[PDB]
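Starting off, we have a lone chain in the form deposited in one PDB entry, written out as structure tokens.
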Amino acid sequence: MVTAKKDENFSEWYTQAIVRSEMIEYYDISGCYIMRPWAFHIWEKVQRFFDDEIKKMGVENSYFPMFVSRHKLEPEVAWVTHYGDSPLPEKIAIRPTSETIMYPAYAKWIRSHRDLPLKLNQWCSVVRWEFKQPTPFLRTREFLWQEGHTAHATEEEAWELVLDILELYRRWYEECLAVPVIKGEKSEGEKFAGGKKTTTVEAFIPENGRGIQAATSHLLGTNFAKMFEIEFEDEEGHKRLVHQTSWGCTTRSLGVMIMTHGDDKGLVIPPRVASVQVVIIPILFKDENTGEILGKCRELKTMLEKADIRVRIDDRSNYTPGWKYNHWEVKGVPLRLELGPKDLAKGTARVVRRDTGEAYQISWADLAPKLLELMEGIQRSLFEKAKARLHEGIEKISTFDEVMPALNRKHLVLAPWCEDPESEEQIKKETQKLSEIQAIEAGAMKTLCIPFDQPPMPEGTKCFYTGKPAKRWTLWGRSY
């Protein structure tokens, strides 16, 4: 049972939700968490989705070492210096990302324009060792991810690949996880180190008012090619720099799903990625033909599974049906199917959907088509409600005077911005001091993205902080 209200103590609510559903187990070494089967199944499902999608683009999986030499990497990096009692001749680092691991190989592999495009991906874990306090799924020192790295003959090929991947990330969140995101370009002050242009999908956490960078797709261009001398020969003979992309996404996505859909009873997992879509709970009166009831549950299980519905029967006699109702609600199973002697006599079943609590009586013959329609019903609704909370979380503003009241309501701001970097740094330090002063009477706002969706820009619109001619609409807010 979950006891903390989501709209009061969000921290303890999230901890309770992920622990009591058997998603996360704690670990000795600060910032690392055991991912238990209940959460790993979801990671497996989104990984299968993304893998299939990128294999249709020609991306292939590989595995590069987790170690990188001090030479090639040359802040939040863990160093190996000993193999037991013996010292290393030169300390080695654990990958925080693998550009400097993979790209010397790329320089060796790419000779001719007939070698491009080169498209590799890997599923692994990386280690970014910050001493700040962690957050399960969202900010951990070790995390699982995929990272893809492509090299191309032209800039425009690489850019189209960046956008195609960003679309796949939008589908990862919105399609599988029912989390709405915003496609954007990062400012030059927040873009990847060494890249040309970083795109992103941003998500939003209403309860603390914080945007979070859900995934990233970088146009590296020729910057890394220069660093690593990755060149191809054209049909003429002339050597030219390849144009590269890199893109990544992590188990952070799981956290974002949890916070988006959970409620006071606990997890609410979208049907598309639930490892159990329907849990069948037989009623088990002592004064009843139990073998018959269980036989019919088994029949309904096979009947649903032929429609590819993922079913678990909880026939444990040492727990009441109310205990099981709570137990599978806490783990977020989207549909519960109850079947007792009355239901049997009438040839129906009772189904309760996890999102709203609504109950239905369905005849066995209509069970598979009806539940299918209901699962798409739940998924869709989970998305649209979340989409509502997204749009109600963003205030469109004209002046800096409107920032602080919008932040105190846990909202983001969409403002006309001139895109000057020094202005962003100024804005962060000022909103941070204003936040501290407000805290005294009871931090910093940054750019999250310049959205692809640009609303109308009136002709003479001025920058909301500098007064200069505004260039584009920018989404700012407090951030993870």
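All residue numbers refer to positions in the sequence shown, first residue = 1. What we label the rigid core is the largest C-alpha set whose atoms superpose within 1.5 Å from one form to the other.
One more form of this protein should be noted, the form deposited in another entry, which is absent from this view; the next part is about it.
From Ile94, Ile212, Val333, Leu407, residue displaced between the shown form and the other one - CA threshold 2 Å or more, rigid core:
The one that shifts is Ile94.
Using a superposition on the rigid core, decide whether the Cα position of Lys286 changes by 2 angstroms or more between the shown form and the other one.
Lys286 C-alpha, core-superposed: shift of 2 Å or more.
Compare the position of the CA of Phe452 between the shown form and the other one after a rigid core fit and state whether the shift reaches 2 Å.
For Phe452, whose C-alpha is compared between the shown form and the other one after core superposition, the shift is less than 2 Å.
Does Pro416 shift between the shown form and the other one by 2 angstroms or more at the C-alpha, the core having been superposed?
The answer is no; the displacement is under 2 Å.
Inter-Cα distance between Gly195 and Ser69 in that other deposited form, nearer or further [3 Å or more]:
Pair moves farther apart in that other deposited form.
In that other deposited form, the Cα separation between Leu475 and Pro96 changes by 3 Å or more relative to the shown form; did it shrink or grow?
They are farther apart; the C-alpha distance rises by 3 Å or more in that other deposited form.
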